[PDB]
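Chemist: Here it is, the structure in full.
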Amino acid sequence: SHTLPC
Amino acid sequence: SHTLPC
Amino acid sequence: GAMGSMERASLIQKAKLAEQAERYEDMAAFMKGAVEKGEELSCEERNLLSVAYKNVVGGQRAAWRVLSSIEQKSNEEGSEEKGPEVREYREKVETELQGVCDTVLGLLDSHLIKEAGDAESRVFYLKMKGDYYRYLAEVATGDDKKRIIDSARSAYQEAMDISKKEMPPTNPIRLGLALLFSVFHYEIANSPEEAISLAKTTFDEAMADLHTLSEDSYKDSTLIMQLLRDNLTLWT
Amino acid sequence: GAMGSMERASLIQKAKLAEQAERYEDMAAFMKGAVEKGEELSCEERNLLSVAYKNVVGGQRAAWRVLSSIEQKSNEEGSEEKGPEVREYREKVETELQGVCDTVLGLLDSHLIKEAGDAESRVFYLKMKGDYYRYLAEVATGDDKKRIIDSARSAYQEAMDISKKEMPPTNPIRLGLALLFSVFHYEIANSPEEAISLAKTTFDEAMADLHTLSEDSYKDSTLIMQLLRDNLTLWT
Ligand SMILES: [Mg+2]
Ligand SMILES: [Mg+2]
Ligand SMILES: [Mg+2]
Ligand SMILES: [Mg+2]
């Protein structure tokens, strides 16, 4: 799953 | 320039 | 602290050099030094502190996941016994990662959050508090696991309540908070329908507010919206 | 040393876990611990020690090159004065990299090289000695710079003399030594024609001996030959 910051 | 190991 | 004799401005300058040199352990130690000067952080400084610690903990979380996977395989039926080393080394990486999360949480508590009155700073720090409890929850397995999950939850929920009152739905901090909290619901809280609801609602509310943006703000907000849509694609 | 209470076999096992987890600082500290047990290293163990330290020093050399480039730009005409920080941080990374090269050289001297009697081990360690003096020479600018270059040179030349007497021209250690020494001539010793001669001669002598190899040995040797050819393309 994408989360921020990278 | 290439050298080894990486 | 080892950075106590360095000027605040020189710590900031060296954190930006360390970022260019791909040396985020160094970057995070310069930014820790800068926070410990006791002054509030500007927006750019707040971004340098979060990028530095995210890259330090990201390498730790990647290693922990590789070691956990080897340890879980070692623990199946018909798997050959290899001794305590995978367990010990997994624990060494876990303890290191716990220590970096404790350090970031300690900076937020002493005393970045209490001194943050504007919504952009307070939401940013409470999102970070939720993120670093979330990385603690990712490795927790003991009597405090529930409590670590609740501390993440609480922090994200206070940040959401302020963001929804004080920021537009396209604000990138509000969007990255919602992205992060949706992943907390999916991966940590075992609440996939709350995750998908929050990502959908956040995406649709931001879409409806794009028309108010400049070209550069549009590009900042749509980049994050695409991450929400990519998670929704991976979850539905 | 902090690894003195760990079994030799458990240090080797943890170096291989640390490699899988992309945690070569850890990998290099486990392999340093293993060398300090005092026993000779097997071929696979020798490979783990060289991969660990190469990845640690590789990140240091990449950062040093980014910081050197910023520092050299800062030192041109019409460039704004920014204080001592780029110089200081370049120096901090340089000193760190010097310390890792000194640590590897110290392991070779105490006492890996003196205890290596077979050609494969002795050539491997002398190549490493040449490589780590070469990384010292890459940052040297003082009264010992000539001497650091000569120490690299000497080590590579002793390794070449043993390799040419004891190993076939397709042996991968002999090929990687020749690759490395050719780059020493081009980049360090300001001898591009010696570099190109050594890479051409090494490539042609290996070509002529491919017919003796199995499929798997062929693939090992041709991979290195292609690096020689890629350098020759970049130099001619
Ligand atoms: Mg001051
Ligand atoms: Mg304030
Ligand atoms: Mg023993
Ligand atoms: Mg011997």
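Identifiers in the structure tokens: chain A, B, ... in order shown; residue index from 1 per chain; ligand index from 1 in order shown.
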Per residue of chain D within 8 Å of ligand 3, note the shortest atom pair and the distance in Å to one decimal, counting only C-alpha atoms and all ligand atoms, and order the rows by chain and increasing residue number, as JSON lines.
Modeler:
{"residue": "D:6", "atom": "CA", "partner": "ligand 3", "partner_atom_place_in_ligand_line": "1 (Mg)", "distance": 7.8}
{"residue": "D:7", "atom": "CA", "partner": "ligand 3", "partner_atom_place_in_ligand_line": "1 (Mg)", "distance": 4.8}
{"residue": "D:8", "atom": "CA", "partner": "ligand 3", "partner_atom_place_in_ligand_line": "1 (Mg)", "distance": 6.0}
{"residue": "D:9", "atom": "CA", "partner": "ligand 3", "partner_atom_place_in_ligand_line": "1 (Mg)", "distance": 7.7}
Chemist: Those residues you just picked out, can you put them in a file as an mmCIF file, in the first residue's frame with N, CA, C and O atoms?
Modeler:
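Now in again_22.cif:
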data_model
loop_
_atom_site.group_PDB
_atom_site.id
_atom_site.type_symbol
_atom_site.label_atom_id
_atom_site.label_comp_id
_atom_site.auth_asym_id
_atom_site.auth_seq_id
_atom_site.Cartn_x
_atom_site.Cartn_y
_atom_site.Cartn_z
ATOM 1 N N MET D 6 30.072 -13.940 20.005
ATOM 2 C CA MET D 6 29.261 -14.677 19.067
ATOM 3 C C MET D 6 30.056 -15.777 18.377
ATOM 4 O O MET D 6 31.150 -15.507 17.910
ATOM 5 N N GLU D 7 29.450 -16.951 18.235
ATOM 6 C CA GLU D 7 30.092 -18.071 17.481
ATOM 7 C C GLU D 7 30.399 -17.669 16.053
ATOM 8 O O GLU D 7 29.630 -16.980 15.377
ATOM 9 N N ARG D 8 31.523 -18.177 15.562
ATOM 10 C CA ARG D 8 31.929 -17.963 14.181
ATOM 11 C C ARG D 8 30.838 -18.339 13.177
ATOM 12 O O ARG D 8 30.606 -17.609 12.213
ATOM 13 N N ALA D 9 30.171 -19.473 13.390
ATOM 14 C CA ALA D 9 29.172 -19.921 12.434
ATOM 15 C C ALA D 9 27.938 -19.006 12.495
ATOM 16 O O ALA D 9 27.309 -18.819 11.490
#
Chemist: Kindly provide, as a list in words, the residues of chain D having any atom no farther than 8 Å from an atom of chain B, counting only C-alpha atoms.
Modeler: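 The contacting residues on chain D are residues 50, 51, 54, 55, 176, 179, 180, 183, 227, 228, 230, 231 and 234 of chain D.
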Chemist: What are the residues of chain D that have an atom within 9 Å of an atom of chain C, counting only C-alpha atoms, as an NGL selection string?
Modeler: :D and (10-11 or 13-14 or 17-18 or 20-23 or 59-60 or 62-67 or 70 or 83-86 or 89)
Chemist: Just the selected residues (N, CA and C atoms), exported as an mmCIF file, in the first residue's frame, please.
Modeler:
data_model
loop_
_atom_site.group_PDB
_atom_site.id
_atom_site.type_symbol
_atom_site.label_atom_id
_atom_site.label_comp_id
_atom_site.auth_asym_id
_atom_site.auth_seq_id
_atom_site.Cartn_x
_atom_site.Cartn_y
_atom_site.Cartn_z
ATOM 1 N N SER D 10 27.627 -18.507 13.675
ATOM 2 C CA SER D 10 26.451 -17.636 13.807
ATOM 3 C C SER D 10 26.748 -16.285 13.222
ATOM 4 N N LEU D 11 27.990 -15.795 13.245
ATOM 5 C CA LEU D 11 28.347 -14.545 12.539
ATOM 6 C C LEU D 11 28.211 -14.733 11.066
ATOM 7 N N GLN D 13 26.251 -16.923 9.482
ATOM 8 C CA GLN D 13 24.815 -17.017 9.192
ATOM 9 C C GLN D 13 24.170 -15.638 9.181
ATOM 10 N N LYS D 14 24.517 -14.835 10.182
ATOM 11 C CA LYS D 14 23.910 -13.472 10.239
ATOM 12 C C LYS D 14 24.453 -12.580 9.161
ATOM 13 N N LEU D 17 22.122 -13.361 6.351
ATOM 14 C CA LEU D 17 20.773 -12.705 6.574
ATOM 15 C C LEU D 17 20.865 -11.214 6.303
ATOM 16 N N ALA D 18 21.913 -10.588 6.750
ATOM 17 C CA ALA D 18 22.041 -9.125 6.608
ATOM 18 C C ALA D 18 22.157 -8.838 5.140
ATOM 19 N N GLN D 20 20.662 -10.443 2.707
ATOM 20 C CA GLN D 20 19.292 -10.581 2.150
ATOM 21 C C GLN D 20 18.501 -9.367 2.542
ATOM 22 N N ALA D 21 18.717 -8.824 3.720
ATOM 23 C CA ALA D 21 17.961 -7.670 4.269
ATOM 24 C C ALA D 21 18.552 -6.316 3.780
ATOM 25 N N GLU D 22 19.563 -6.357 2.918
ATOM 26 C CA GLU D 22 20.182 -5.141 2.405
ATOM 27 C C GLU D 22 20.755 -4.294 3.537
ATOM 28 N N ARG D 23 21.315 -4.959 4.541
ATOM 29 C CA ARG D 23 21.899 -4.269 5.686
ATOM 30 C C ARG D 23 23.396 -4.542 5.787
ATOM 31 N N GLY D 59 28.571 3.333 -0.631
ATOM 32 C CA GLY D 59 27.659 4.394 -0.270
ATOM 33 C C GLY D 59 28.542 5.584 0.152
ATOM 34 N N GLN D 60 29.640 5.392 0.867
ATOM 35 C CA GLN D 60 30.489 6.494 1.295
ATOM 36 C C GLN D 60 31.098 7.179 0.084
ATOM 37 N N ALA D 62 30.007 7.319 -3.033
ATOM 38 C CA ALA D 62 28.951 8.025 -3.776
ATOM 39 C C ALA D 62 28.695 9.341 -3.031
ATOM 40 N N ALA D 63 28.564 9.335 -1.709
ATOM 41 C CA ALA D 63 28.256 10.584 -0.976
ATOM 42 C C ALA D 63 29.392 11.501 -1.088
ATOM 43 N N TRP D 64 30.655 11.043 -0.981
ATOM 44 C CA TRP D 64 31.818 11.899 -1.070
ATOM 45 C C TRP D 64 31.833 12.546 -2.426
ATOM 46 N N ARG D 65 31.500 11.836 -3.505
ATOM 47 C CA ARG D 65 31.557 12.457 -4.818
ATOM 48 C C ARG D 65 30.490 13.553 -4.933
ATOM 49 N N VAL D 66 29.312 13.358 -4.382
ATOM 50 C CA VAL D 66 28.257 14.407 -4.459
ATOM 51 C C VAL D 66 28.790 15.571 -3.678
ATOM 52 N N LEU D 67 29.345 15.428 -2.478
ATOM 53 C CA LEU D 67 29.774 16.549 -1.656
ATOM 54 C C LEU D 67 30.958 17.237 -2.221
ATOM 55 N N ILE D 70 29.830 19.548 -4.957
ATOM 56 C CA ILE D 70 29.160 20.803 -4.458
ATOM 57 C C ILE D 70 30.248 21.703 -3.948
ATOM 58 N N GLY D 83 29.916 29.588 3.783
ATOM 59 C CA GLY D 83 30.509 29.185 5.037
ATOM 60 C C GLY D 83 31.235 27.846 4.968
ATOM 61 N N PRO D 84 31.582 27.321 6.117
ATOM 62 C CA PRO D 84 32.445 26.126 6.199
ATOM 63 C C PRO D 84 31.645 24.827 6.099
ATOM 64 N N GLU D 85 30.345 24.842 5.949
ATOM 65 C CA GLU D 85 29.570 23.593 6.201
ATOM 66 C C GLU D 85 29.823 22.602 5.107
ATOM 67 N N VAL D 86 29.883 22.966 3.831
ATOM 68 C CA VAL D 86 30.078 21.907 2.809
ATOM 69 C C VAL D 86 31.418 21.268 3.026
ATOM 70 N N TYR D 89 31.201 18.951 6.118
ATOM 71 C CA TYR D 89 30.464 17.720 5.962
ATOM 72 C C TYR D 89 31.191 16.780 4.958
#
Chemist: I'd like the interatomic distance between atom CA of residue D:116 and atom CA of residue D:56, to a tenth of an Å.
Modeler: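 The value is 24.4 Å.
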Chemist: Expressed in Å to a single decimal, how great is the separation between atom CA of residue D:186 and atom CA of residue D:130?
Modeler: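 Separation between atom CA of residue D:186 and atom CA of residue D:130: 14.3 Å.
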Chemist: To check your reading of the model: which residues sit at most 9 Å from ligand 2 when counting only C-alpha atoms and all ligand atoms? Write the answer as a PyMOL selection string.
Modeler: chain C and resi 40+112-118+121
Chemist: Point out the residue among C:172, C:99, C:106, C:38 with the least atom-to-atom distance to ligand 1, counting only C-alpha atoms and all ligand atoms.
Modeler: C:38
Chemist: Any chance you could list, as a PyMOL selection string, the residues in stretch 12-134 of chain C that come up alpha helix (DSSP H) when DSSP is run on the backbone?
Modeler: chain C and resi 12-20+24-35+43-74+85-107+119-134
Chemist: Using only C-alpha atoms, find the one residue out of D:48, D:123, D:35, D:104 that sits nearest to residue D:166.
Modeler: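 Selected residue with least distance to residue D:166: D:123.
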